[PDB]
Each structure stands twice: as C-alpha cells, then as structure tokens.
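Student: My structure is stored as input-v1.cif, with mmCIF, N, CA and C atoms.
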```cif
data_structure
loop_
_atom_site.label_atom_id
_atom_site.label_comp_id
_atom_site.auth_asym_id
_atom_site.auth_seq_id
_atom_site.Cartn_x
_atom_site.Cartn_y
_atom_site.Cartn_z
N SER J 1 13.77 -201.26 -83.94
CA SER J 1 14.47 -201.00 -82.65
C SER J 1 13.55 -200.40 -81.57
N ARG J 2 14.07 -200.35 -80.35
CA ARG J 2 13.38 -199.74 -79.22
C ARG J 2 14.39 -198.99 -78.36
N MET J 3 14.03 -197.79 -77.92
CA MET J 3 14.89 -197.07 -77.00
C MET J 3 15.05 -197.89 -75.73
N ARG J 4 16.19 -197.70 -75.07
CA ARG J 4 16.36 -198.15 -73.70
C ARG J 4 15.50 -197.26 -72.79
N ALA J 5 14.71 -197.88 -71.91
CA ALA J 5 13.90 -197.13 -70.97
C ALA J 5 14.66 -196.94 -69.66
N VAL J 6 14.43 -195.82 -68.98
CA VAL J 6 15.11 -195.54 -67.71
C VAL J 6 14.18 -194.84 -66.74
N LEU J 7 14.13 -195.35 -65.51
CA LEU J 7 13.36 -194.73 -64.44
C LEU J 7 13.98 -193.42 -64.03
N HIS J 8 13.22 -192.34 -64.12
CA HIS J 8 13.65 -191.09 -63.52
C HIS J 8 13.35 -191.08 -62.02
N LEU J 9 14.05 -190.21 -61.31
CA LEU J 9 13.90 -190.09 -59.87
C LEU J 9 12.48 -189.62 -59.49
N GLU J 10 11.80 -188.98 -60.43
CA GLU J 10 10.44 -188.52 -60.20
C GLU J 10 9.44 -189.68 -60.26
N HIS J 11 9.73 -190.69 -61.06
CA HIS J 11 8.89 -191.87 -61.12
C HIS J 11 9.01 -192.61 -59.81
N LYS J 12 10.22 -192.64 -59.27
CA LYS J 12 10.45 -193.22 -57.97
C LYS J 12 9.66 -192.46 -56.92
N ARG J 13 9.69 -191.14 -57.00
CA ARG J 13 9.01 -190.29 -56.03
C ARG J 13 7.51 -190.52 -56.08
N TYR J 14 6.97 -190.61 -57.28
CA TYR J 14 5.54 -190.81 -57.42
C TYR J 14 5.11 -192.15 -56.84
N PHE J 15 5.94 -193.19 -57.00
CA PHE J 15 5.61 -194.52 -56.48
C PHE J 15 5.78 -194.56 -54.96
N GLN J 16 6.84 -193.93 -54.47
CA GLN J 16 7.06 -193.84 -53.04
C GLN J 16 5.88 -193.11 -52.42
N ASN J 17 5.40 -192.10 -53.12
CA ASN J 17 4.38 -191.24 -52.57
C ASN J 17 3.00 -191.88 -52.63
N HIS J 18 2.66 -192.51 -53.75
CA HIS J 18 1.32 -193.06 -53.93
C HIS J 18 1.24 -194.58 -53.78
N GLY J 19 2.38 -195.25 -53.75
CA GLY J 19 2.42 -196.69 -53.68
C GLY J 19 2.02 -197.37 -54.98
N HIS J 20 2.00 -196.60 -56.07
CA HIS J 20 1.82 -197.17 -57.39
C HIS J 20 2.32 -196.18 -58.45
N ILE J 21 2.33 -196.59 -59.71
CA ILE J 21 2.72 -195.72 -60.82
C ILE J 21 2.36 -196.35 -62.15
N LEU J 22 1.88 -195.52 -63.07
CA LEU J 22 1.32 -195.97 -64.32
C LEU J 22 2.20 -195.43 -65.45
N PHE J 23 2.56 -196.29 -66.40
CA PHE J 23 3.48 -195.91 -67.46
C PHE J 23 2.81 -196.16 -68.79
N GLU J 24 2.80 -195.15 -69.65
CA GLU J 24 2.39 -195.36 -71.03
C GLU J 24 3.50 -196.09 -71.79
N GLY J 25 3.10 -196.92 -72.74
CA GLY J 25 4.06 -197.66 -73.55
C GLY J 25 5.17 -198.31 -72.73
N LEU J 26 4.81 -198.96 -71.63
CA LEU J 26 5.79 -199.66 -70.81
C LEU J 26 6.46 -200.77 -71.61
N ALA J 27 5.64 -201.59 -72.26
CA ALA J 27 6.11 -202.68 -73.09
C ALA J 27 5.63 -202.47 -74.52
N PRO J 28 6.32 -203.07 -75.50
CA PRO J 28 5.90 -202.85 -76.88
C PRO J 28 4.51 -203.38 -77.17
N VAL J 29 3.70 -202.59 -77.87
CA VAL J 29 2.38 -203.03 -78.27
C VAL J 29 2.45 -204.32 -79.11
N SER J 30 3.56 -204.54 -79.80
CA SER J 30 3.68 -205.71 -80.67
C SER J 30 3.82 -207.01 -79.89
N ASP J 31 4.69 -207.01 -78.89
CA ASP J 31 4.85 -208.16 -78.02
C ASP J 31 3.55 -208.41 -77.27
N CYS J 32 2.84 -207.33 -76.95
CA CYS J 32 1.60 -207.41 -76.19
C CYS J 32 0.47 -208.09 -76.94
N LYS J 33 0.04 -207.50 -78.06
CA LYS J 33 -0.95 -208.13 -78.92
C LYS J 33 -0.52 -209.56 -79.26
N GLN J 34 0.76 -209.74 -79.56
CA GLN J 34 1.28 -211.03 -80.00
C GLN J 34 1.15 -212.08 -78.91
N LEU J 35 1.28 -211.65 -77.66
CA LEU J 35 1.15 -212.55 -76.52
C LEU J 35 -0.32 -212.86 -76.29
N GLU J 36 -1.15 -211.83 -76.41
CA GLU J 36 -2.57 -212.00 -76.19
C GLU J 36 -3.14 -212.97 -77.21
N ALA J 37 -2.55 -213.00 -78.40
CA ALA J 37 -2.99 -213.90 -79.46
C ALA J 37 -2.71 -215.35 -79.08
N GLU J 38 -1.54 -215.59 -78.49
CA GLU J 38 -1.19 -216.92 -78.01
C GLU J 38 -2.00 -217.31 -76.77
N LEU J 39 -2.47 -216.32 -76.03
CA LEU J 39 -3.24 -216.59 -74.83
C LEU J 39 -4.67 -216.97 -75.19
N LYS J 40 -5.26 -216.28 -76.16
CA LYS J 40 -6.61 -216.60 -76.60
C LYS J 40 -6.66 -217.98 -77.22
N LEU J 41 -5.51 -218.43 -77.69
CA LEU J 41 -5.39 -219.71 -78.36
C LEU J 41 -5.22 -220.83 -77.35
N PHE J 42 -4.23 -220.66 -76.47
CA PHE J 42 -3.90 -221.63 -75.44
C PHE J 42 -5.14 -222.22 -74.77
N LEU J 43 -6.29 -221.56 -74.91
CA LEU J 43 -7.54 -222.09 -74.38
C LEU J 43 -8.02 -223.25 -75.24
N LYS J 44 -7.49 -224.44 -74.94
CA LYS J 44 -7.81 -225.69 -75.63
C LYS J 44 -8.53 -225.45 -76.96
N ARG J 45 -6.89 -222.97 -62.67
CA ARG J 45 -7.63 -222.40 -63.79
C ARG J 45 -6.70 -222.11 -64.95
N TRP J 46 -7.28 -221.94 -66.13
CA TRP J 46 -6.52 -221.69 -67.34
C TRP J 46 -5.70 -220.41 -67.23
N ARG J 47 -6.27 -219.40 -66.57
CA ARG J 47 -5.67 -218.07 -66.59
C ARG J 47 -4.57 -217.88 -65.56
N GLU J 48 -4.30 -218.88 -64.74
CA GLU J 48 -3.26 -218.71 -63.72
C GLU J 48 -1.91 -219.21 -64.20
N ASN J 49 -0.89 -218.39 -63.99
CA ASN J 49 0.47 -218.74 -64.36
C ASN J 49 0.58 -219.17 -65.82
N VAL J 50 0.09 -218.32 -66.71
CA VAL J 50 0.24 -218.57 -68.13
C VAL J 50 1.71 -218.59 -68.55
N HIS J 51 2.60 -218.07 -67.72
CA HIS J 51 4.02 -218.06 -68.06
C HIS J 51 4.64 -219.45 -68.05
N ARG J 52 3.94 -220.40 -67.44
CA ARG J 52 4.42 -221.77 -67.38
C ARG J 52 4.03 -222.54 -68.64
N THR J 53 3.27 -221.88 -69.51
CA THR J 53 2.92 -222.48 -70.80
C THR J 53 3.40 -221.64 -71.98
N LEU J 54 3.52 -220.34 -71.77
CA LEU J 54 3.91 -219.41 -72.83
C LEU J 54 5.22 -218.72 -72.50
N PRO J 55 6.22 -218.84 -73.39
CA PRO J 55 7.53 -218.22 -73.18
C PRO J 55 7.45 -216.71 -73.30
N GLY J 56 6.35 -216.22 -73.86
CA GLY J 56 6.19 -214.80 -74.15
C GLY J 56 6.10 -213.95 -72.90
N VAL J 57 5.58 -214.53 -71.82
CA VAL J 57 5.43 -213.79 -70.59
C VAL J 57 6.80 -213.44 -70.03
N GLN J 58 7.65 -214.44 -69.83
CA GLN J 58 8.97 -214.20 -69.25
C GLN J 58 9.86 -213.40 -70.20
N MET J 59 9.57 -213.42 -71.49
CA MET J 59 10.36 -212.62 -72.41
C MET J 59 10.03 -211.15 -72.29
N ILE J 60 8.76 -210.83 -72.12
CA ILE J 60 8.40 -209.45 -71.85
C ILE J 60 8.96 -209.00 -70.50
N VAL J 61 8.81 -209.82 -69.46
CA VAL J 61 9.35 -209.46 -68.16
C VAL J 61 10.85 -209.20 -68.27
N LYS J 62 11.56 -210.11 -68.93
CA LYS J 62 13.03 -210.04 -69.00
C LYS J 62 13.53 -208.98 -69.98
N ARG J 63 12.82 -208.80 -71.08
CA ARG J 63 13.27 -207.90 -72.15
C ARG J 63 12.83 -206.45 -71.96
N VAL J 64 11.80 -206.23 -71.15
CA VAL J 64 11.39 -204.89 -70.77
C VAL J 64 11.93 -204.58 -69.38
N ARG J 65 12.65 -205.55 -68.82
CA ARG J 65 13.33 -205.37 -67.54
C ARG J 65 12.38 -205.03 -66.39
N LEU J 66 11.12 -205.45 -66.52
CA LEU J 66 10.13 -205.22 -65.49
C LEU J 66 10.60 -205.68 -64.12
N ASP J 67 11.32 -206.79 -64.09
CA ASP J 67 11.88 -207.32 -62.85
C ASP J 67 12.84 -206.34 -62.18
N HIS J 68 13.72 -205.73 -62.97
CA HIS J 68 14.73 -204.81 -62.45
C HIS J 68 14.09 -203.50 -62.09
N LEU J 69 13.07 -203.13 -62.86
CA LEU J 69 12.33 -201.90 -62.64
C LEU J 69 11.54 -201.99 -61.35
N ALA J 70 10.88 -203.12 -61.17
CA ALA J 70 10.14 -203.43 -59.95
C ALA J 70 11.05 -203.33 -58.74
N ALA J 71 12.22 -203.95 -58.83
CA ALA J 71 13.18 -203.93 -57.74
C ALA J 71 13.66 -202.51 -57.48
N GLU J 72 13.80 -201.74 -58.54
CA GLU J 72 14.32 -200.39 -58.40
C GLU J 72 13.33 -199.51 -57.66
N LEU J 73 12.06 -199.61 -58.05
CA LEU J 73 10.99 -198.84 -57.40
C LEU J 73 10.87 -199.20 -55.92
N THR J 74 11.06 -200.48 -55.59
CA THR J 74 10.83 -200.96 -54.23
C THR J 74 12.11 -201.06 -53.41
N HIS J 75 13.22 -200.56 -53.96
CA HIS J 75 14.51 -200.64 -53.28
C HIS J 75 14.82 -202.05 -52.81
N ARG J 76 14.65 -203.02 -53.70
CA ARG J 76 15.07 -204.39 -53.44
C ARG J 76 16.25 -204.73 -54.34
N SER J 77 17.09 -205.66 -53.88
CA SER J 77 18.25 -206.07 -54.65
C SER J 77 17.77 -206.78 -55.90
N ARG J 78 16.88 -207.74 -55.71
CA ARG J 78 16.40 -208.55 -56.80
C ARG J 78 14.98 -208.97 -56.50
N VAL J 79 14.11 -208.89 -57.50
CA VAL J 79 12.83 -209.57 -57.45
C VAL J 79 12.76 -210.49 -58.64
N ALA J 80 11.83 -211.45 -58.59
CA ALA J 80 11.62 -212.39 -59.68
C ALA J 80 10.13 -212.64 -59.83
N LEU J 81 9.72 -213.00 -61.04
CA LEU J 81 8.33 -213.34 -61.29
C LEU J 81 8.00 -214.67 -60.61
N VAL J 82 6.95 -214.70 -59.80
CA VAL J 82 6.56 -215.93 -59.10
C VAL J 82 5.15 -216.39 -59.45
N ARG J 83 4.33 -215.50 -59.98
CA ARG J 83 2.95 -215.84 -60.29
C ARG J 83 2.45 -214.86 -61.32
N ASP J 84 1.37 -215.23 -62.01
CA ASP J 84 0.69 -214.29 -62.90
C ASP J 84 -0.77 -214.69 -63.11
N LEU J 85 -1.54 -213.80 -63.72
CA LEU J 85 -2.93 -214.09 -64.04
C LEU J 85 -3.31 -213.32 -65.28
N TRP J 86 -3.88 -214.03 -66.25
CA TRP J 86 -4.48 -213.38 -67.37
C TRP J 86 -5.92 -213.01 -67.01
N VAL J 87 -6.19 -211.71 -66.86
CA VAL J 87 -7.54 -211.25 -66.50
C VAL J 87 -8.25 -210.53 -67.65
N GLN J 88 -9.57 -210.62 -67.66
CA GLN J 88 -10.40 -209.94 -68.65
C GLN J 88 -10.99 -208.66 -68.08
N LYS J 89 -11.10 -208.59 -66.75
CA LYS J 89 -11.62 -207.39 -66.09
C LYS J 89 -10.96 -207.15 -64.73
N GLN J 90 -10.93 -205.89 -64.30
CA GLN J 90 -10.20 -205.48 -63.11
C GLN J 90 -10.58 -206.19 -61.80
N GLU J 91 -11.81 -206.69 -61.69
CA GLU J 91 -12.26 -207.29 -60.43
C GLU J 91 -11.58 -208.64 -60.19
N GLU J 92 -10.91 -209.15 -61.22
CA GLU J 92 -10.21 -210.42 -61.12
C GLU J 92 -8.82 -210.27 -60.51
N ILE J 93 -8.43 -209.04 -60.19
CA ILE J 93 -7.14 -208.81 -59.57
C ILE J 93 -7.32 -208.76 -58.07
N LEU J 94 -6.99 -209.87 -57.42
CA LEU J 94 -7.22 -210.03 -55.99
C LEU J 94 -5.95 -209.69 -55.23
N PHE J 95 -6.07 -209.50 -53.92
CA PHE J 95 -4.91 -209.12 -53.14
C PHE J 95 -3.78 -210.13 -53.31
N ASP J 96 -2.56 -209.62 -53.42
CA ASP J 96 -1.38 -210.47 -53.37
C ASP J 96 -0.38 -209.74 -52.49
N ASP J 97 0.39 -210.50 -51.73
CA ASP J 97 1.30 -209.90 -50.77
C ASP J 97 2.74 -209.87 -51.27
N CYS J 98 2.93 -210.03 -52.58
CA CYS J 98 4.28 -209.99 -53.15
C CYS J 98 4.88 -208.61 -52.97
N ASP J 99 6.17 -208.47 -53.25
CA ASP J 99 6.83 -207.17 -53.14
C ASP J 99 6.18 -206.14 -54.05
N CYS J 100 6.02 -206.50 -55.32
CA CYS J 100 5.50 -205.58 -56.32
C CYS J 100 4.75 -206.34 -57.40
N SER J 101 3.61 -205.80 -57.80
CA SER J 101 2.90 -206.31 -58.95
C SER J 101 3.01 -205.30 -60.09
N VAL J 102 2.82 -205.80 -61.30
CA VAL J 102 2.72 -204.95 -62.46
C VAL J 102 1.54 -205.42 -63.27
N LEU J 103 0.56 -204.55 -63.48
CA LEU J 103 -0.49 -204.88 -64.41
C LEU J 103 -0.06 -204.42 -65.80
N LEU J 104 -0.22 -205.28 -66.78
CA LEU J 104 0.19 -204.97 -68.13
C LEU J 104 -1.01 -205.15 -69.04
N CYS J 105 -1.41 -204.09 -69.72
CA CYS J 105 -2.53 -204.18 -70.62
C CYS J 105 -2.09 -204.78 -71.95
N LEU J 106 -2.85 -205.76 -72.45
CA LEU J 106 -2.42 -206.49 -73.63
C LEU J 106 -3.04 -205.96 -74.92
N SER J 107 -4.24 -205.40 -74.83
CA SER J 107 -4.95 -204.97 -76.03
C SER J 107 -5.73 -203.68 -75.80
N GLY J 108 -6.19 -203.10 -76.90
CA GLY J 108 -7.03 -201.92 -76.85
C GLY J 108 -6.23 -200.63 -76.93
N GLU J 109 -6.91 -199.51 -76.71
CA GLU J 109 -6.26 -198.21 -76.68
C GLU J 109 -5.02 -198.28 -75.81
N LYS J 110 -5.20 -198.79 -74.60
CA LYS J 110 -4.18 -198.74 -73.56
C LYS J 110 -3.21 -199.92 -73.60
N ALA J 111 -3.10 -200.59 -74.74
CA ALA J 111 -2.19 -201.73 -74.85
C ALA J 111 -0.73 -201.34 -74.62
N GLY J 112 0.05 -202.25 -74.04
CA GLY J 112 1.43 -201.96 -73.70
C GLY J 112 1.57 -201.08 -72.47
N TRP J 113 0.46 -200.54 -71.97
CA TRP J 113 0.48 -199.72 -70.76
C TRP J 113 0.65 -200.60 -69.53
N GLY J 114 1.41 -200.12 -68.55
CA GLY J 114 1.70 -200.92 -67.37
C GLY J 114 1.63 -200.16 -66.06
N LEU J 115 1.10 -200.83 -65.05
CA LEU J 115 0.92 -200.26 -63.72
C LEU J 115 1.73 -201.05 -62.71
N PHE J 116 2.66 -200.40 -62.02
CA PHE J 116 3.35 -201.00 -60.88
C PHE J 116 2.62 -200.64 -59.60
N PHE J 117 2.52 -201.57 -58.66
CA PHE J 117 1.84 -201.28 -57.41
C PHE J 117 2.06 -202.42 -56.42
N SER J 118 2.00 -202.13 -55.13
CA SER J 118 1.99 -203.21 -54.15
C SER J 118 0.63 -203.23 -53.47
N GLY J 119 0.30 -204.35 -52.83
CA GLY J 119 -0.99 -204.51 -52.19
C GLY J 119 -2.14 -204.74 -53.15
N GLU J 120 -3.29 -204.17 -52.82
CA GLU J 120 -4.49 -204.35 -53.62
C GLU J 120 -4.48 -203.42 -54.83
N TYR J 121 -4.98 -203.91 -55.94
CA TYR J 121 -5.05 -203.12 -57.15
C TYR J 121 -5.72 -201.78 -56.86
N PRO J 122 -5.11 -200.65 -57.30
CA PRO J 122 -5.68 -199.30 -57.11
C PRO J 122 -6.89 -199.06 -58.01
N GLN J 123 -8.04 -198.88 -57.37
CA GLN J 123 -9.33 -198.92 -58.05
C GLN J 123 -9.45 -197.97 -59.25
N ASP J 124 -9.19 -196.69 -59.02
CA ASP J 124 -9.44 -195.68 -60.05
C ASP J 124 -8.21 -195.15 -60.77
N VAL J 125 -7.19 -195.97 -60.94
CA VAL J 125 -5.99 -195.54 -61.65
C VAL J 125 -5.98 -196.03 -63.10
N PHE J 126 -6.40 -197.27 -63.32
CA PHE J 126 -6.32 -197.82 -64.66
C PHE J 126 -7.43 -198.81 -64.96
N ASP J 127 -8.03 -198.69 -66.14
CA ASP J 127 -8.97 -199.69 -66.60
C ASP J 127 -8.98 -199.77 -68.12
N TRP J 128 -9.51 -200.88 -68.62
CA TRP J 128 -9.45 -201.19 -70.05
C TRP J 128 -10.81 -201.69 -70.54
N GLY J 129 -11.12 -201.39 -71.80
CA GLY J 129 -12.41 -201.74 -72.38
C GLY J 129 -12.84 -203.17 -72.10
N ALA J 130 -14.14 -203.42 -72.21
CA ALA J 130 -14.69 -204.74 -71.95
C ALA J 130 -14.16 -205.79 -72.93
N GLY J 131 -13.62 -205.33 -74.06
CA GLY J 131 -13.09 -206.24 -75.05
C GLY J 131 -11.62 -206.53 -74.84
N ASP J 132 -11.03 -205.84 -73.86
CA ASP J 132 -9.60 -205.92 -73.64
C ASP J 132 -9.25 -206.82 -72.48
N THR J 133 -8.10 -207.47 -72.59
CA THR J 133 -7.58 -208.27 -71.49
C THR J 133 -6.28 -207.67 -71.02
N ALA J 134 -5.83 -208.12 -69.87
CA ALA J 134 -4.55 -207.72 -69.34
C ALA J 134 -3.98 -208.91 -68.60
N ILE J 135 -2.75 -208.78 -68.14
CA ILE J 135 -2.11 -209.83 -67.38
C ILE J 135 -1.46 -209.20 -66.16
N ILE J 136 -1.65 -209.82 -65.01
CA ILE J 136 -1.11 -209.29 -63.78
C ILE J 136 0.10 -210.13 -63.40
N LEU J 137 1.20 -209.46 -63.09
CA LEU J 137 2.48 -210.12 -62.81
C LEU J 137 2.92 -209.87 -61.37
N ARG J 138 3.15 -210.94 -60.62
CA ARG J 138 3.60 -210.83 -59.24
C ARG J 138 5.10 -211.06 -59.11
N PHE J 139 5.80 -210.08 -58.55
CA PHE J 139 7.24 -210.15 -58.37
C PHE J 139 7.59 -210.22 -56.89
N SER J 140 8.44 -211.17 -56.53
CA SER J 140 8.81 -211.37 -55.14
C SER J 140 10.32 -211.43 -54.95
N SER J 141 10.78 -211.04 -53.77
CA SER J 141 12.19 -211.14 -53.41
C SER J 141 12.43 -212.25 -52.39
#
```
Show me this structure written as structure tokens.
Tutor:
Amino acid sequence: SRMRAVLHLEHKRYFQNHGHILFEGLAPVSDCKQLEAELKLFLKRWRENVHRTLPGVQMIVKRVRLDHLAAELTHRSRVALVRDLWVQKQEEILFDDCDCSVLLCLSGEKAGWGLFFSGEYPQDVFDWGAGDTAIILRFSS
C-alpha cells in the first residue's frame, strides 16, 4: 500500500514564494526504477515524449496525481501532461512555457524525488548522480 499524499498550505506558500518546490518520495521508488528499466530498453529524438510509447509515464502522473497537484500549486482548474523528456543530466532541461513542470528523478539516492517549477529549471535546487536519469514532465492548461 501507499499513503494518500496531500499538499499542505505551507507547500503552497513555498511554491508561491520561490516559484518551485522539491518533494522527497513524491512518487514510489518502485514505479520509478521500473519505468527507467523500460526506458533504457525502449532504445531499440528517442528521449522526447516517452509517454507516447510507455504507459508507465501517464500511470505515474495519474496515480501520483501530479496533474492535480500541479494544478493545485498553480491555482489552475485543470492541467494535463502535454510533453516530456527523459534526461540524463540537468543541462538537458530547456525552457518550457507550460503552466508547471515537474522533474522526477528515476534512479539513485534521490529516486522518486520530484521538483515542481515553472519557467527555467532552478539551477541549484536539485541534481542527480552521473549514473542517474530523470524525466521532465510538462503540464499545461
């Protein structure tokens, strides 16, 4: 089982205040590693919109309620996943003008960890070992 997660008003405050927020254990480490395993395989750009080939992406978004959480932080009625990127390093996260992005770490110490943010990726908030990958999720209203 997994507890139901709930945004506290302080998480909202931190995001309103800094324009981003970082959550430990945002998504289950099991779904994460398990998705990364299918991603390393899917390699016969390849890394763009992996959700159009792997059901695991939209299942994490839908089952961890990232979409509703994103909307809640940004005071939107509804957002939806419109794009994604499987990245190996932080410099691959380029500007996107969507309502809210969520970086989700797939492997390593920081696996299952997730960062919500709008605009350009926040340089010194989150990073992952050279052996680790992550996936960036763009949510739009």
Student: When you count all atoms listed in the file, which of these residues is closest to residue 39 in chain J: J:102, J:54, J:66, J:82?
Tutor: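 Among the listed residues, the smallest separation from residue 39 in chain J belongs to J:54.
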Student: Tell me which of J:84, J:24, J:31, J:67 sits closest to residue 48 in chain J, counting all atoms listed in the file.
Tutor: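 Answer, going by the shortest atom-to-atom distance: J:84.
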Student: Can you work out which one of J:79, J:105, J:134, J:93 has the shortest atom-to-atom distance to residue 120 in chain J, counting only N, CA and C atoms?
Tutor: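 Nearest to residue 120 in chain J: J:93.
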Student: Where does range 107-139 of chain J meet range 2-18 of chain J within 10 Å, residue by residue, with the nearest atom pair and distance in Å to one decimal for each, counting only C-alpha atoms, listed by chain and rising number, as CSV?
Tutor:
```
residue,atom,partner,partner_atom,distance
J:116,CA,J:15,CA,8.2
J:117,CA,J:15,CA,7.8
J:118,CA,J:15,CA,9.7
J:122,CA,J:18,CA,9.9
```
Student: For residue 88 in chain J, work out the shell of residues within 8 Å, counting only N, CA and C atoms and skipping chain neighbours fewer than 5 positions away, then give it as a VMD selection string.
Tutor: chain J and resid 93 128 to 135
Student: Excluding range 61-63 of chain J and any residue of its chain fewer than 4 positions from it, enumerate the residues within 10 Å of it, using only C-alpha atoms, and give them as a PyMOL selection string.
Tutor: chain J and resi 27+56-57+67-69+80-81+102+137
Student: Kindly indicate which residue among J:44, J:138, J:75, J:51 lies nearest to residue 100 in chain J, using all atoms listed in the file for the distances.
Tutor: J:138
Student: Dig up all the protein and nucleic acid residues within 6.5 Å of (8.8, -208.4, -53.4) in the file frame, using only N, CA and C atoms, and format them as a list in words.
Tutor: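 Selection result: residues 79, 98, 99, 100, 139, 140 and 141 of chain J.
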Student: Which residue gives the smallest distance to residue 32 in chain J among J:50, J:85, J:106, J:94, with all atoms listed in the file counted?
Tutor: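 For residue 32 in chain J, the nearest of the candidates is J:106.
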Student: Tell me which of J:58, J:25, J:136, J:42 sits closest to residue 104 in chain J, counting only N, CA and C atoms.
Tutor: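 Of all the options, J:136 lies closest to residue 104 in chain J.
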Student: Excluding residue 115 in chain J and residues on its chain fewer than 4 positions from it, collect all residues at most 6 Å away from it, counting only C-alpha atoms, and give them as a count of residues only.
Tutor: 4
Student: When you draw a straight line from atom N of residue 23 in chain J to CA of residue 43 in chain J, how long is it in Å?
Tutor: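 Computing the Euclidean distance for atom N of residue 23 in chain J and CA of residue 43 in chain J yields 28.8 Å.
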Student: Measure the distance from CA of residue 1 in chain J to atom C of residue 70 in chain J in Å and round it to one decimal.
Tutor: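 Going from CA of residue 1 in chain J over to atom C of residue 70 in chain J covers 24.3 Å.
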Student: As an exercise, work out the distance from atom N of residue 29 in chain J to atom N of residue 114 in chain J in Å and give it to one decimal place.
Tutor: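 Atom-to-atom, atom N of residue 29 in chain J and atom N of residue 114 in chain J are spaced 9.9 Å apart.
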Student: Quick one: pick out all strand (DSSP E) residues within range 16-140 of chain J from a backbone DSSP run and write them as a list in words.
Tutor: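 Output for range 16-140 of chain J, strand (DSSP E) only: residues 20, 21, 22, 23, 80, 81, 82, 83, 84, 85, 86, 87, 100, 101, 102, 103, 104, 105, 114, 115, 116, 117, 134, 135, 136, 137, 138, 139 and 140 of chain J.
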Student: Neighbouring residues of residue 64 in chain J were defined as those with any atom within 6.5 Å, considering all atoms listed in the file; residues of the same chain fewer than 4 positions away were excluded. Please report them as number ranges by chain.
Tutor: J: 26-27, 59-60
Student: As a PDB file, in the frame of the given file, could you write out range 31-44 of chain J once it has been completed with N, CA, C and O atoms?
Tutor:
```
ATOM      1  N   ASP J  31       4.690-207.010 -78.890  1.00  0.00           N
ATOM      2  CA  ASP J  31       4.850-208.160 -78.020  1.00  0.00           C
ATOM      3  C   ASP J  31       3.550-208.410 -77.270  1.00  0.00           C
ATOM      4  O   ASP J  31       3.193-209.553 -76.997  1.00  0.00           O
ATOM      5  N   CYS J  32       2.840-207.330 -76.950  1.00  0.00           N
ATOM      6  CA  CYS J  32       1.600-207.410 -76.190  1.00  0.00           C
ATOM      7  C   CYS J  32       0.470-208.090 -76.940  1.00  0.00           C
ATOM      8  O   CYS J  32      -0.011-209.125 -76.512  1.00  0.00           O
ATOM      9  N   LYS J  33       0.040-207.500 -78.060  1.00  0.00           N
ATOM     10  CA  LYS J  33      -0.950-208.130 -78.920  1.00  0.00           C
ATOM     11  C   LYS J  33      -0.520-209.560 -79.260  1.00  0.00           C
ATOM     12  O   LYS J  33      -1.328-210.490 -79.249  1.00  0.00           O
ATOM     13  N   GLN J  34       0.760-209.740 -79.560  1.00  0.00           N
ATOM     14  CA  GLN J  34       1.280-211.030 -80.000  1.00  0.00           C
ATOM     15  C   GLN J  34       1.150-212.080 -78.910  1.00  0.00           C
ATOM     16  O   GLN J  34       0.952-213.259 -79.189  1.00  0.00           O
ATOM     17  N   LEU J  35       1.280-211.650 -77.660  1.00  0.00           N
ATOM     18  CA  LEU J  35       1.150-212.550 -76.520  1.00  0.00           C
ATOM     19  C   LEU J  35      -0.320-212.860 -76.290  1.00  0.00           C
ATOM     20  O   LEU J  35      -0.701-213.995 -76.014  1.00  0.00           O
ATOM     21  N   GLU J  36      -1.150-211.830 -76.410  1.00  0.00           N
ATOM     22  CA  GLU J  36      -2.570-212.000 -76.190  1.00  0.00           C
ATOM     23  C   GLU J  36      -3.140-212.970 -77.210  1.00  0.00           C
ATOM     24  O   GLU J  36      -4.110-213.662 -76.922  1.00  0.00           O
ATOM     25  N   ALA J  37      -2.550-213.000 -78.400  1.00  0.00           N
ATOM     26  CA  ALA J  37      -2.990-213.900 -79.460  1.00  0.00           C
ATOM     27  C   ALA J  37      -2.710-215.350 -79.080  1.00  0.00           C
ATOM     28  O   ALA J  37      -3.525-216.222 -79.324  1.00  0.00           O
ATOM     29  N   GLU J  38      -1.540-215.590 -78.490  1.00  0.00           N
ATOM     30  CA  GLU J  38      -1.190-216.920 -78.010  1.00  0.00           C
ATOM     31  C   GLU J  38      -2.000-217.310 -76.770  1.00  0.00           C
ATOM     32  O   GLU J  38      -2.191-218.496 -76.496  1.00  0.00           O
ATOM     33  N   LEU J  39      -2.470-216.320 -76.030  1.00  0.00           N
ATOM     34  CA  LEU J  39      -3.240-216.590 -74.830  1.00  0.00           C
ATOM     35  C   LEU J  39      -4.670-216.970 -75.190  1.00  0.00           C
ATOM     36  O   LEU J  39      -5.231-217.888 -74.592  1.00  0.00           O
ATOM     37  N   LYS J  40      -5.260-216.280 -76.160  1.00  0.00           N
ATOM     38  CA  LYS J  40      -6.610-216.600 -76.600  1.00  0.00           C
ATOM     39  C   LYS J  40      -6.660-217.980 -77.220  1.00  0.00           C
ATOM     40  O   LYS J  40      -7.714-218.628 -77.256  1.00  0.00           O
ATOM     41  N   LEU J  41      -5.510-218.430 -77.690  1.00  0.00           N
ATOM     42  CA  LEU J  41      -5.390-219.710 -78.360  1.00  0.00           C
ATOM     43  C   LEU J  41      -5.220-220.830 -77.350  1.00  0.00           C
ATOM     44  O   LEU J  41      -5.963-221.813 -77.351  1.00  0.00           O
ATOM     45  N   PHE J  42      -4.230-220.660 -76.470  1.00  0.00           N
ATOM     46  CA  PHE J  42      -3.900-221.630 -75.440  1.00  0.00           C
ATOM     47  C   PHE J  42      -5.140-222.220 -74.770  1.00  0.00           C
ATOM     48  O   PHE J  42      -5.064-223.285 -74.149  1.00  0.00           O
ATOM     49  N   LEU J  43      -6.290-221.560 -74.910  1.00  0.00           N
ATOM     50  CA  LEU J  43      -7.540-222.090 -74.380  1.00  0.00           C
ATOM     51  C   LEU J  43      -8.020-223.250 -75.240  1.00  0.00           C
ATOM     52  O   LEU J  43      -8.841-223.069 -76.143  1.00  0.00           O
ATOM     53  N   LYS J  44      -7.490-224.440 -74.940  1.00  0.00           N
ATOM     54  CA  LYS J  44      -7.810-225.690 -75.630  1.00  0.00           C
ATOM     55  C   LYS J  44      -8.530-225.450 -76.960  1.00  0.00           C
ATOM     56  O   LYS J  44      -8.026-224.746 -77.829  1.00  0.00           O
TER      57      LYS J  44
END
```
